[PDB]
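Enquirer: First the structure, which I've put down as structure tokens, then a few questions once you've had a look.
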Amino acid sequence: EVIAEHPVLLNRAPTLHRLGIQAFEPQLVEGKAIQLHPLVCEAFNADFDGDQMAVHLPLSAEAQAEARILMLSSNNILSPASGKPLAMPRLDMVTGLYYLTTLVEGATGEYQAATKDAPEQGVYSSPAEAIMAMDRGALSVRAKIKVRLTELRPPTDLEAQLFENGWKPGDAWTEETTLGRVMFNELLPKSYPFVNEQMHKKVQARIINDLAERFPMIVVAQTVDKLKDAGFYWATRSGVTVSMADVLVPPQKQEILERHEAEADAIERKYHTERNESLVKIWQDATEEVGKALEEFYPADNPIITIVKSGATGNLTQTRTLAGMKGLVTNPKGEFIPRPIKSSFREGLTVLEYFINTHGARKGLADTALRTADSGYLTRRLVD
Amino acid sequence: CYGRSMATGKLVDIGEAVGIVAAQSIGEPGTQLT
Amino acid sequence: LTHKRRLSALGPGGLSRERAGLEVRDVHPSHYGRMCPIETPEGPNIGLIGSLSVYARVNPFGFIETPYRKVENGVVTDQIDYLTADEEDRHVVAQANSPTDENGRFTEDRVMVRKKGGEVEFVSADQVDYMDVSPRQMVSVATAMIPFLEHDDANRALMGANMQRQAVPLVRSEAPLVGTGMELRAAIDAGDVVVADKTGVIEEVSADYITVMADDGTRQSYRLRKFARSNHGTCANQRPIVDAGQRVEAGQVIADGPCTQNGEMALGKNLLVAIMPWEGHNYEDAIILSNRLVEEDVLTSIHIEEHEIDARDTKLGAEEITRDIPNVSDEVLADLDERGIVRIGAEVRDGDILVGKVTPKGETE
Amino acid sequence: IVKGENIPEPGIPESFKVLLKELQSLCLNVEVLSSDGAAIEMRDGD
Amino acid sequence: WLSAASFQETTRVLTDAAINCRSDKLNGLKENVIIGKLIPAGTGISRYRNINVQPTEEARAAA
Amino acid sequence: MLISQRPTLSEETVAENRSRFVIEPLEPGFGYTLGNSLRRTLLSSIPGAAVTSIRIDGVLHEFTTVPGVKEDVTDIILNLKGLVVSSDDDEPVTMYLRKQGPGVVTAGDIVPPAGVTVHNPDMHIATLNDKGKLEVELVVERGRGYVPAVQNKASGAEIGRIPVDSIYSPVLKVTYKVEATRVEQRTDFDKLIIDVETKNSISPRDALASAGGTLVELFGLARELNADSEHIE
Amino acid sequence: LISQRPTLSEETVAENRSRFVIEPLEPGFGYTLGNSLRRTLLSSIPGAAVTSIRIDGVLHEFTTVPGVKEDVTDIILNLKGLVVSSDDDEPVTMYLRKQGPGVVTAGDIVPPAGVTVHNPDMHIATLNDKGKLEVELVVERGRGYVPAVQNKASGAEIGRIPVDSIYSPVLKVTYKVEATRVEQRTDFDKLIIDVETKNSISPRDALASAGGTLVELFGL
Amino acid sequence: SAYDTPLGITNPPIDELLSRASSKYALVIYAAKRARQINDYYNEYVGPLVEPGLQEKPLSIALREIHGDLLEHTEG
Amino acid sequence: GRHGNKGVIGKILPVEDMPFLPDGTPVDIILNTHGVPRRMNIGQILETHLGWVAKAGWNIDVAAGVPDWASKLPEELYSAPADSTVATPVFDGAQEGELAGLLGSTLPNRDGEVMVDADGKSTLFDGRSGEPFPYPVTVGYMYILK
RNA sequence: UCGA
């Protein structure tokens, strides 16, 4: 009874910016843990690996008001520095939505033109009929079929041609889009025009950035809320799972190794600072060639590529060390080592390669502890 | 003179204290510098 | 076990944590087989604290020595010598992993080695003198207990090794389904298990103690630590693994320790795991459990806590421990004996009275 | 809160009074004064 | 002077302020934070905090 | 045995075609157990009549469109799919729709044979361009669920026959979800929110009652084995 | 529509588990219907489990009984595997007394009137010449899983030892569907289910308990 | 008109409340001081303007008053 | 886990509704897929596949000539009963070729049906919805610590 | 001395 509509402030230390503190509405929950909204994690920079958070309870009416208006979570969806949306679908929601919007060639139920005695037959009457066709094994979400839409809004330019008098409040129309792109456009508000694109975290940032400017804040809060439900729902169905089989090794490395190692072995005849640089500059190309050949080898449906290619998480350089070769690793000083890491984490690293790998790995981890200390000292001088 | 409030997307309110906001805007990413 | 083999540079006659530069923290090429480069803290103590290697041992002067297999004229020898730093650089060290023929020798024409740099080099069997006794010479006990260690980055490997010492004894500890062979040796050397020092036959078996009858006629007994509170609050309970009429051997395990199964280190459970995102409930490192683990106690652990109070002579009188607490409802003291302490086996909750005591006051006013 | 009334108006943090007394121990004459007239006393001394 | 005292080189800041017989107008917000006052920003501006609220006579008639 | 308390069912109406239903409380996690079975029952388990094929006069080998009408063959195909008709025949019944000259065709223009009825006379089938004629034969048969276009070679042999994807069950759309309500000291008891959008054939209230009737009778074969003890009402 | 009243025919594999099959069913109905019974099986089938135990020598669970190889905690972890069946709603207490050397098994308990133990081979404890074990256990009626009910919330005294109570006859339940037929020809979805009990009841009694459970639940 | 009937603490929306006052800070003192009055009514003295809930925080009542243009304020 | 993977418990689902194999055997822990590739610790997947290999018994056909995958193969390890314990020393371990070949093995789940393919993925059934998941997922036995 |  007293908890009702009584806001509380959540804090995750360290607090770098003002979004490190946000107001929420409490929901009595069992257990001793705290349930945090997955979208606000980017603001708190809060990992679920065991982070601890603090709660404060405002008392006076002025304090409660400042928590509801100023510090409410739904009120601040944008980073007050760059302006980009800070709370947006990320990680599972990215790959979850990136999976829906994609259109697969020759999927089940794909629409084809009418030929001779066969009518079109690929189109569907209504979106509700597409669900009936989906539940039964006929329709696929990634199919190329086209449907007739009533409530949804068509793109602006295409809207004016279909309708000269106005928009489509209750009026029907048709376009060719994947069902995943139709269901995705159902989450967005009705007034927003159709997208018909495959969702990338960069594109999804362009759309959310467009809603924050054009529409009210509440509509953006509910739209982002509806996006995380679909992002999580289709993240399980995404078919994205890691196994030793999905990760694979490109063959071209051994040739580049044969080429480089042997053509660099011919360089060993001449053998000083440029000699190692000649091997480093040579070995620098071997890593690029393996990664380039690796990108060409991997199919698109494989999960590891779908990740980091949709912007959810990861980078190509990290995948360059996983398969292929991790490449040269720096020594205690800033000097590179000519001898590379020819092995990959998939193939396993030799005893010796591991010893020289910790040289750079620990030095970078010690840098992390130092940079956070100097940045905190710099920030206090800026504030004061 | 300041400009549009980056979080609001609108003009800056009469109460906004932008010195602390700017200090945090510059300091927070400082962990990514080399 | 890992605590006892720890090596830290800080202390009296040593550098302070803030005073220590970044040069010491970086692993030196002389740490091979002596100090484990992977295992160290992730806090302010990185690089200062380390774990002594597996096969290494200390000199009378204090310089760490590492074992090596001497090889002369391209043929591995049964001889083993313990080399230490300066002496290791005067020789070339063959790679532990190398081709070996049946009779024994350098099978390949070109072999790996590490010179006085230390710098890796590809040489021939002519110039090789010393060879590693085996891989993992460098990594410590905690690091050597990680299966597929070569497939993980040093960062996460450091976290995995550190979190292994952060585990907790479970009610029934089961050995790892898949794991390196280090769990066997490391378990019996930790001292928290029971070992038989004489070959013979067990005379009696009980939860309190076990008795062995040696073949030489002597009778030895071993008392089992039962639900003892660890220094950090965990349970040290031991269980006998032997049958009454069984026969043991010198060095054979008898009773398992807090975390052990049949003589191996058991730090956790083997669970059936499906790797997929599940409707947002496992998001960004979060994990979801099957309710079977709660019903079957597989993840259940016991925690003991120690509370202490004293009755001291005060300036105004003497402190008395009794059931006579001045202001209370008689209902709240029902669990206390006449002396005023709590009754063994009784339950409790936050706010209950474990021990009643009293102190004089004056003037009351 | 127990009486259901409104939260009253805050006072002066106690640590600030301690700060003034600490400064007075260093032999630094410190005074909190009103805009009009002269200084005022937080307590017996300020 | 107490804003610089709470920042850095407290010893040097104090001796200089005491020699010059400095006076702090308690203008900035860091001062109001230390003394427990309302910071002169956000809702603490001299205008917002003095707002008066009353129900419109037209709306009060409904009651 | 078993004893339970206070399962309820309420009705909130969004419109004539769709309404909301709630059940509170459900013992965890029965909300998710029977939720998807209700959705599956409402969609594919309710009998209804629809059109399994149509034949427009004058169109045989044409890829698309038609002379005398602004509607392409495809638009009329999905325009005719939205025809809500309930028949008592249980066997295929042939209907006929005819018109000519300038005008616009509606559902009331077709003459329904005795035993079948169209519930949406105001629906728009097509528009006839000036000096044009349109004649179409329809095949209406009962069924359940959603059966796609069928090639039986009887439709394939006939030069004109056009089979259409059949929407049989009158229930168009159904979704669900569960939440947690505290009935007593016991926390997180399940509630079931189920949304159902149907067409004028039957109402959502009658569709729910029919769906529940087929389910209770569907699990009746398992209950007949013993009838030892079950969860109380 | 096609008229075929779906009929269910039971099968048997072992005594603990027996298969079941229902035909015919509309396409796509096998998965959800087989799961609606599976979840009800794994949940609401009553028990027939033990609530608390009591031993004369021990006042709590963390002490060892003299002359036995196990401890009270390890003995309780062994007693969790008990499969009991009771016809009485009100609670009742069994009794177990074993002196001298030997191995105490699940059959050594003398059950009261109307209750039985379905796995006498279960291992409890092993004692020696000095070992003596006297323990009484409370068997109760319920369903699903309930944790140990602490005596502080109950009216019990210090001696009684609460234990986690698991009431469920069912062990492992799965299913599978064969739509078969062809793309055309009115393919009928039929499900073949696999139900296994612990011997507390037969697979028919469980599927009837689950079947009759949702029969009363469905309403409109 | 895209609300989807917001539920709690977000009702009324801030945007419709921002058109009733200068800035978000003016809105705070606006609703806050009114909440002070409403709680004083149950012990300035001028009732609730809108039909209150069963048990409604005085601040939530003041926010609904501002929503319907039922209050006036003058800045200092 | 032992590889540096860590995380709290976001929720515990009842045994009834949980992804489970065709066995009817529910899984235990559900690990987020997105965390595996980024953190650069892939050994957990290896011990997860090997964990399933060692859980169920596995028998190598070997025929007359032996698979070449076993040229440098483990000695007299070809056979092994169910629930067998295996040891993979750090830098003398079970290599990639052996893991793939080890996946092919005996999988008698009460009957003749095998629950894991040579790729280490199985088709899980959602216990909450009642329908199978659209794609094959990686399942196995890992070792986790409290 | 460890956890993020």
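Simple scheme: letters A, B, ... for chains in structure tokens order, numbers from 1 for residues in each chain, numbers from 1 for ligands in the order shown.
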Distance table requested - chain H against chain A, cut-off 6 Å, only C-alpha atoms: one row per qualifying residue with the closest atom pair and its distance in Å to one decimal, ordered by chain and rising residue number, as a tab-separated table.
Expert:
residue	atom	partner	partner_atom	distance
H:9	CA	A:5	CA	5.7
H:28	CA	A:65	CA	5.6
H:32	CA	A:62	CA	5.0
Enquirer: Extract, using only C-alpha atoms (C1' of nucleotides), all DNA, RNA and protein residues at most 9 Å from residue 229 in chain A, discarding same-chain residues fewer than 6 positions from it, and format them as a PyMOL selection string.
Expert: (chain A and resi 93) or (chain C and resi 279-280)
Enquirer: Contacts of range 184-201 of chain F at 7 Å or less, counting only C-alpha atoms (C1' of nucleotides), minus same-chain residues fewer than 4 places along, as a list in words?
Expert: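 The contact residues come out as residues 17, 18, 19, 20, 21, 22, 23, 24, 25, 26, 27, 28, 29, 31, 84, 86, 119, 170, 171, 172, 173, 174, 175, 176, 177, 178, 179 and 180 of chain F.
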Enquirer: Write to file, as a PDB file, in the first residue's frame, the residues of the selection just made, with N, CA and C atoms.
Expert:
ATOM      1  N   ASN F  17     -15.915  -7.805 -32.852  1.00  0.00           N
ATOM      2  CA  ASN F  17     -15.109  -8.865 -33.437  1.00  0.00           C
ATOM      3  C   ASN F  17     -14.095  -9.448 -32.462  1.00  0.00           C
ATOM      4  N   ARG F  18     -13.614  -8.662 -31.500  1.00  0.00           N
ATOM      5  CA  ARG F  18     -12.595  -9.117 -30.566  1.00  0.00           C
ATOM      6  C   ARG F  18     -12.952  -8.713 -29.142  1.00  0.00           C
ATOM      7  N   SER F  19     -12.545  -9.558 -28.194  1.00  0.00           N
ATOM      8  CA  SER F  19     -12.761  -9.307 -26.777  1.00  0.00           C
ATOM      9  C   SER F  19     -11.606  -9.912 -25.993  1.00  0.00           C
ATOM     10  N   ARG F  20     -11.458  -9.462 -24.750  1.00  0.00           N
ATOM     11  CA  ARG F  20     -10.417  -9.947 -23.858  1.00  0.00           C
ATOM     12  C   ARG F  20     -11.027 -10.801 -22.753  1.00  0.00           C
ATOM     13  N   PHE F  21     -10.279 -11.820 -22.336  1.00  0.00           N
ATOM     14  CA  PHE F  21     -10.688 -12.715 -21.263  1.00  0.00           C
ATOM     15  C   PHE F  21      -9.529 -12.909 -20.298  1.00  0.00           C
ATOM     16  N   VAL F  22      -9.849 -12.994 -19.007  1.00  0.00           N
ATOM     17  CA  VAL F  22      -8.852 -13.162 -17.960  1.00  0.00           C
ATOM     18  C   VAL F  22      -9.278 -14.297 -17.041  1.00  0.00           C
ATOM     19  N   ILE F  23      -8.288 -15.006 -16.504  1.00  0.00           N
ATOM     20  CA  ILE F  23      -8.509 -16.109 -15.575  1.00  0.00           C
ATOM     21  C   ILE F  23      -7.572 -15.918 -14.391  1.00  0.00           C
ATOM     22  N   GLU F  24      -8.144 -15.771 -13.199  1.00  0.00           N
ATOM     23  CA  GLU F  24      -7.363 -15.511 -11.995  1.00  0.00           C
ATOM     24  C   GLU F  24      -7.953 -16.192 -10.766  1.00  0.00           C
ATOM     25  N   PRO F  25      -7.090 -16.768  -9.921  1.00  0.00           N
ATOM     26  CA  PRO F  25      -5.680 -17.005 -10.233  1.00  0.00           C
ATOM     27  C   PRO F  25      -5.463 -18.430 -10.725  1.00  0.00           C
ATOM     28  N   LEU F  26      -4.331 -18.688 -11.369  1.00  0.00           N
ATOM     29  CA  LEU F  26      -3.958 -20.029 -11.791  1.00  0.00           C
ATOM     30  C   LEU F  26      -2.746 -20.494 -10.998  1.00  0.00           C
ATOM     31  N   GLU F  27      -2.792 -21.735 -10.539  1.00  0.00           N
ATOM     32  CA  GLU F  27      -1.672 -22.284  -9.788  1.00  0.00           C
ATOM     33  C   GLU F  27      -0.462 -22.421 -10.704  1.00  0.00           C
ATOM     34  N   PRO F  28       0.697 -21.854 -10.334  1.00  0.00           N
ATOM     35  CA  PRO F  28       1.905 -21.881 -11.166  1.00  0.00           C
ATOM     36  C   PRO F  28       2.318 -23.295 -11.558  1.00  0.00           C
ATOM     37  N   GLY F  29       2.639 -23.477 -12.834  1.00  0.00           N
ATOM     38  CA  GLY F  29       2.554 -22.398 -13.800  1.00  0.00           C
ATOM     39  C   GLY F  29       1.472 -22.652 -14.832  1.00  0.00           C
ATOM     40  N   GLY F  31      -0.796 -21.188 -16.021  1.00  0.00           N
ATOM     41  CA  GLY F  31      -1.025 -20.162 -17.026  1.00  0.00           C
ATOM     42  C   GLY F  31      -0.393 -20.506 -18.358  1.00  0.00           C
ATOM     43  N   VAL F  84     -17.308 -13.801 -45.193  1.00  0.00           N
ATOM     44  CA  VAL F  84     -17.699 -14.572 -44.019  1.00  0.00           C
ATOM     45  C   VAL F  84     -19.051 -15.213 -44.307  1.00  0.00           C
ATOM     46  N   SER F  86     -21.431 -18.917 -43.488  1.00  0.00           N
ATOM     47  CA  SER F  86     -21.629 -20.150 -42.735  1.00  0.00           C
ATOM     48  C   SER F  86     -22.650 -21.019 -43.457  1.00  0.00           C
ATOM     49  N   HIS F 119     -22.721 -13.081 -44.072  1.00  0.00           N
ATOM     50  CA  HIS F 119     -22.964 -12.231 -42.915  1.00  0.00           C
ATOM     51  C   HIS F 119     -22.461 -10.803 -43.093  1.00  0.00           C
ATOM     52  N   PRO F 170     -13.854 -19.483 -37.658  1.00  0.00           N
ATOM     53  CA  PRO F 170     -14.246 -18.065 -37.634  1.00  0.00           C
ATOM     54  C   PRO F 170     -13.315 -17.186 -36.818  1.00  0.00           C
ATOM     55  N   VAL F 171     -12.467 -17.762 -35.973  1.00  0.00           N
ATOM     56  CA  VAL F 171     -11.586 -16.975 -35.115  1.00  0.00           C
ATOM     57  C   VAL F 171     -10.374 -16.535 -35.928  1.00  0.00           C
ATOM     58  N   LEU F 172     -10.203 -15.220 -36.073  1.00  0.00           N
ATOM     59  CA  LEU F 172      -9.135 -14.693 -36.915  1.00  0.00           C
ATOM     60  C   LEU F 172      -7.798 -14.653 -36.183  1.00  0.00           C
ATOM     61  N   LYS F 173      -7.772 -14.091 -34.977  1.00  0.00           N
ATOM     62  CA  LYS F 173      -6.520 -13.835 -34.281  1.00  0.00           C
ATOM     63  C   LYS F 173      -6.686 -14.092 -32.792  1.00  0.00           C
ATOM     64  N   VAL F 174      -5.679 -14.723 -32.193  1.00  0.00           N
ATOM     65  CA  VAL F 174      -5.669 -15.020 -30.764  1.00  0.00           C
ATOM     66  C   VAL F 174      -4.242 -14.905 -30.249  1.00  0.00           C
ATOM     67  N   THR F 175      -4.068 -14.163 -29.159  1.00  0.00           N
ATOM     68  CA  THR F 175      -2.796 -14.048 -28.460  1.00  0.00           C
ATOM     69  C   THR F 175      -3.046 -14.215 -26.968  1.00  0.00           C
ATOM     70  N   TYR F 176      -1.970 -14.432 -26.216  1.00  0.00           N
ATOM     71  CA  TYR F 176      -2.092 -14.669 -24.784  1.00  0.00           C
ATOM     72  C   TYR F 176      -0.865 -14.115 -24.071  1.00  0.00           C
ATOM     73  N   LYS F 177      -0.848 -14.288 -22.753  1.00  0.00           N
ATOM     74  CA  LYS F 177       0.231 -13.842 -21.883  1.00  0.00           C
ATOM     75  C   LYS F 177      -0.161 -14.181 -20.453  1.00  0.00           C
ATOM     76  N   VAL F 178       0.839 -14.246 -19.579  1.00  0.00           N
ATOM     77  CA  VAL F 178       0.625 -14.577 -18.177  1.00  0.00           C
ATOM     78  C   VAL F 178       1.322 -13.539 -17.311  1.00  0.00           C
ATOM     79  N   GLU F 179       0.809 -13.368 -16.096  1.00  0.00           N
ATOM     80  CA  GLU F 179       1.375 -12.435 -15.133  1.00  0.00           C
ATOM     81  C   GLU F 179       1.348 -13.101 -13.761  1.00  0.00           C
ATOM     82  N   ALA F 180       1.714 -12.341 -12.733  1.00  0.00           N
ATOM     83  CA  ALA F 180       1.797 -12.847 -11.367  1.00  0.00           C
ATOM     84  C   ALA F 180       0.922 -11.994 -10.461  1.00  0.00           C
TER      85      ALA F 180
END
Enquirer: If DSSP is run on the backbone, what residues of chain H are helix (DSSP H, G or I)? A reply as number ranges by chain would be ideal.
Expert: H: 14-18, 24-41, 58-67
Enquirer: Skip range 32-43 of chain I itself and residues of its chain fewer than 2 positions away, then list as number ranges by chain all residues within 7 Å of it, counting only C-alpha atoms (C1' of nucleotides).
Expert: A: 241-242, 314; C: 148-149, 151-153, 156, 275-277, 282-285; I: 3, 30, 45-47
Enquirer: Excluding same-chain residues fewer than 3 positions from residue 41 in chain C, what lies within 12 Å of it counting only C-alpha atoms (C1' of nucleotides), as a list in words?
Expert: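 Counting only the stated atoms, we get residues 362, 365, 366 and 369 of chain A; 6, 7, 8, 25, 37, 38, 44, 45, 46, 47, 48, 49, 50, 51, 155, 157, 158, 159, 160, 161, 162 and 163 of chain C; 1, 2 and 3 of chain J.
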Enquirer: In Å to one decimal, how far is CA of residue 66 in chain G from CA of residue 213 in chain C?
Expert: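 Answer for the CA of residue 213 in chain C to CA of residue 66 in chain G separation: 20.5 Å.
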Enquirer: DSSP says strand (DSSP E or B) for which residues of chain H? Put them as a PyMOL selection string?
Expert: chain H and resi 71-74
Enquirer: To one decimal place, how far is CA of residue 59 in chain H from CA of residue 214 in chain A in Å?
Expert: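 Between CA of residue 59 in chain H and CA of residue 214 in chain A the gap works out to 29.6 Å.
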Enquirer: For the atom pair CA of residue 357 in chain A and CA of residue 332 in chain A, what is the interatomic distance in Å to one decimal place?
Expert: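 One can read the CA of residue 357 in chain A to CA of residue 332 in chain A distance as 10.7 Å.
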Enquirer: Excluding range 5-15 of chain D and residues on its chain fewer than 4 positions from it, collect all residues at most 7 Å away from it, counting only C-alpha atoms (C1' of nucleotides), and give them as a list in words.
Expert: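 Listing them by chain and then by number gives residues 60 of chain A; 1 and 19 of chain D; 35 and 36 of chain E; 36 of chain H.
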Enquirer: Could you pull the residues within 12 Å of residue 44 in chain H, counting only C-alpha atoms (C1' of nucleotides), minus those fewer than 2 positions along the same chain, as a short mmCIF file (atom, residue, chain, number, x, y, z; two decimals) with N, CA, C and O atoms, in the first residue's frame?
Expert:
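The result, written out as result.cif:
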data_model
loop_
_atom_site.label_atom_id
_atom_site.label_comp_id
_atom_site.auth_asym_id
_atom_site.auth_seq_id
_atom_site.Cartn_x
_atom_site.Cartn_y
_atom_site.Cartn_z
N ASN E 52 4.39 30.37 -6.35
CA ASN E 52 3.17 30.28 -5.56
C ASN E 52 2.11 29.51 -6.33
O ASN E 52 1.95 29.69 -7.54
N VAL E 53 1.39 28.64 -5.62
CA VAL E 53 0.38 27.78 -6.21
C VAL E 53 -0.95 28.04 -5.52
O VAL E 53 -1.02 28.06 -4.28
N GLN E 54 -2.00 28.25 -6.31
CA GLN E 54 -3.34 28.47 -5.80
C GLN E 54 -4.33 27.92 -6.82
O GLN E 54 -4.08 28.02 -8.03
N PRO E 55 -5.44 27.34 -6.37
CA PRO E 55 -6.45 26.87 -7.32
C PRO E 55 -7.22 28.03 -7.92
O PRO E 55 -7.57 28.99 -7.24
N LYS H 33 4.77 21.92 -4.16
CA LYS H 33 4.09 22.79 -3.21
C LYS H 33 2.61 22.46 -3.09
O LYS H 33 2.03 22.61 -2.01
N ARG H 34 1.98 22.02 -4.18
CA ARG H 34 0.58 21.61 -4.10
C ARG H 34 0.42 20.36 -3.26
O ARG H 34 -0.53 20.24 -2.48
N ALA H 35 1.35 19.41 -3.39
CA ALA H 35 1.32 18.22 -2.55
C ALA H 35 1.43 18.59 -1.08
O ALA H 35 0.83 17.95 -0.21
N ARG H 36 2.21 19.64 -0.77
CA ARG H 36 2.28 20.13 0.60
C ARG H 36 0.92 20.64 1.07
O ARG H 36 0.54 20.43 2.22
N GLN H 37 0.18 21.30 0.18
CA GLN H 37 -1.12 21.84 0.55
C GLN H 37 -2.14 20.73 0.78
O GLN H 37 -2.90 20.76 1.76
N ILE H 38 -2.17 19.73 -0.11
CA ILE H 38 -3.16 18.66 0.02
C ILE H 38 -2.97 17.91 1.33
O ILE H 38 -3.94 17.59 2.03
N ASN H 39 -1.72 17.60 1.68
CA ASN H 39 -1.47 16.92 2.95
C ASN H 39 -1.82 17.80 4.14
O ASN H 39 -2.20 17.30 5.20
N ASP H 40 -1.69 19.12 3.98
CA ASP H 40 -2.13 20.04 5.03
C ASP H 40 -3.65 20.07 5.14
O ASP H 40 -4.19 20.31 6.23
N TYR H 41 -4.35 19.83 4.03
CA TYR H 41 -5.81 19.81 4.07
C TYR H 41 -6.33 18.66 4.92
O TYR H 41 -7.39 18.77 5.54
N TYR H 42 -5.60 17.54 4.96
CA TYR H 42 -6.03 16.37 5.72
C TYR H 42 -5.72 16.47 7.21
O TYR H 42 -6.03 15.53 7.95
N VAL H 46 -7.02 24.17 0.88
CA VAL H 46 -8.01 24.11 -0.19
C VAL H 46 -8.02 22.72 -0.81
O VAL H 46 -7.29 22.46 -1.77
N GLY H 47 -8.85 21.84 -0.25
CA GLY H 47 -9.14 20.49 -0.69
C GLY H 47 -8.41 19.86 -1.86
O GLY H 47 -7.35 20.31 -2.30
N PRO H 48 -8.94 18.74 -2.34
CA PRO H 48 -8.50 18.20 -3.63
C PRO H 48 -9.38 18.72 -4.76
O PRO H 48 -10.57 18.96 -4.60
#
Enquirer: Quick one: which residues from chain E are at most 9 Å off chain H, using only C-alpha atoms, as a list in words?
Expert: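 Selected residues: residues 42, 43, 44, 46, 47, 48, 49, 50, 51, 52, 53, 54, 55, 56, 58, 59, 60, 62 and 63 of chain E.
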Enquirer: What residues in chain G have any atom no more than 12 Å from chain A when counting only C-alpha atoms, and can you write them as JSON, numbers by chain?
Expert: {"G": [26, 27, 28, 29, 179, 183]}
Enquirer: Please write the residues from the selection above to a file, keeping N, CA and C atoms, as a compact mmCIF listing (two decimals), in the first residue's frame.
Expert:
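Heads up, here's the output in part-v3.txt:
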# COMPACT_ATOMS: atom_id res chain seq x y z
N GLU G 26 -6.16 -32.95 -35.20
CA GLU G 26 -5.92 -31.97 -36.25
C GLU G 26 -4.44 -31.60 -36.28
N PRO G 27 -3.95 -31.15 -37.44
CA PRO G 27 -2.51 -30.88 -37.57
C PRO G 27 -2.06 -29.79 -36.60
N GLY G 28 -0.96 -30.06 -35.91
CA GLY G 28 -0.39 -29.12 -34.97
C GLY G 28 -0.90 -29.23 -33.55
N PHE G 29 -1.84 -30.13 -33.28
CA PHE G 29 -2.41 -30.28 -31.95
C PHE G 29 -1.64 -31.25 -31.07
N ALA G 179 2.65 -36.73 -37.72
CA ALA G 179 1.62 -36.25 -38.63
C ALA G 179 1.43 -37.21 -39.79
N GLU G 183 1.34 -34.57 -47.66
CA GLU G 183 0.94 -33.17 -47.70
C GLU G 183 -0.57 -33.05 -47.83
Enquirer: Up to 9 Å from chain E, what residues of chain A turn up? Count only C-alpha atoms and give them as a PyMOL selection string.
Expert: chain A and resi 66+380-381+384
